[PDB]
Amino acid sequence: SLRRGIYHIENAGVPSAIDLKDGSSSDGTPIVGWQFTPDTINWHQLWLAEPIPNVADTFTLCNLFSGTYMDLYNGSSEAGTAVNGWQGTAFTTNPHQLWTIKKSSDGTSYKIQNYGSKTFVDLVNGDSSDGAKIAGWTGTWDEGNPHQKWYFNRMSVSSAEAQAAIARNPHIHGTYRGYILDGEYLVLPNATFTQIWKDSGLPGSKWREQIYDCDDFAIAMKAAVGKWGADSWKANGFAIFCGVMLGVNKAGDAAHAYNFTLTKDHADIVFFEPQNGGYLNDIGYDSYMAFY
């Protein structure tokens, strides 16, 4: 089963993503194929998949930027029926907004079927151009047709996943305790994590004994990433990944406060020094506490 999470949804035949045109919140805004840049935030192309209770393999798909839902227009089973963004709710009973998502016959990509119409999300004619129509279309679960096949590229971690990446790190103190604050997290590219740091004003902050020292830098970075999240995205039900750690050096006589993020493959953490913007696989400290 596809897991709850945020996905960048990429056609299997051509490198077009599912894009809500201009990120618009208007009802009936077209969902189209569009090119994308890897290792960036693709602002109009992220989708929060919310599993429906007791309805196997069935989800709402909420655009992260607009807060509006993937909607098959009037639920029509006619081939060519528009797929658009439309107002809704995460656990709606409106079948126009409910999608059964299961692996295709290649075992890697998925097909996306409207729960009411039983038709599939289709990149019409396999057209790779920016703005190409996506429609509901007749199809089967098992056929090869790449027009109806979609890679769900996972852009978030659950809290259990973040905890696993931390636990595999070698720079964790024996007395470590971690404090989990949310359930599902958008993982940022370093380019974006850095941009938030820059825009927070921290690059200009001066270290001052106790009154603006390492703990203040680290907490300010976390707060800046939390503000960024709320100010940037209209969907609810996820957070943005940015941790704080306290750590102690090998000699046991100096402690430090810093941030952390996740690798691109989501399997490991990487430390961030908010006093200078650097990313480090070894910051010189073993973490005794984290919150994220």
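Note that residue numbering follows the sequence shown and begins at 1. Here, rigid core means the biggest group of C-alpha atoms that superpose within 1.5 Å across both forms.
To spell it out: superpose each other structure in 5 other deposited structures of this protein onto this one by the rigid core, compute Cα RMS over structures and residues for 143 to 151 and for 178 to 186. Which is larger?
It is 178 to 186 that deviates more in 5 other deposited structures of this protein.
55 to 63 versus 246 to 254: which one's CA atoms end up farther from this form in 5 other deposited structures of this protein after a core fit?
Once the cores are fitted, 246 to 254 deviates more in 5 other deposited structures of this protein.
Quick check on the record: does 201 to 209 or 215 to 223 carry the larger mean Cα temperature factor?
In the deposited entry, the stretch with the higher C-alpha B-factor mean is 201 to 209.
Please work out which of 279 to 287 and 11 to 19 has the higher mean CA B-factor as recorded in the PDB entry.
Averaging CA B-factors over each stretch, the winner is 279 to 287.
Largest Cα B-factor, entry values, listed residues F120, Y110, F91, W86
Answer, based on the entry's C-alpha B-factors: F91.
Maximum C-alpha temperature factor, selected from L61, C242, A251, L46:
The record points to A251.
If you rank every modelled residue in this chain by C-alpha B factor, which third holds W137: lowest, middle or highest?
Lowest third - that is where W137 ends up once the chain's C-alpha B-factors are sorted.
Classify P53 as lowest, middle or highest third according to the C-alpha B-factor given in the PDB entry, relative to its own chain.
Answer is highest: the recorded C-alpha B-factor places it there.
Is the Cα B-factor recorded for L188 in the lowest, middle or highest third of its chain?
Middle third.
Sorting the chain's modelled residues by C-alpha B-factor, tell me whether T29 ends up in the lowest, middle or highest third.
For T29, the deposited C-alpha B-factor lands in the lowest third.
Based on the entry's values, in what third of the chain does the Cα temperature factor of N74 lie: lowest, middle or highest?
CA B-factor rank for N74: highest third.
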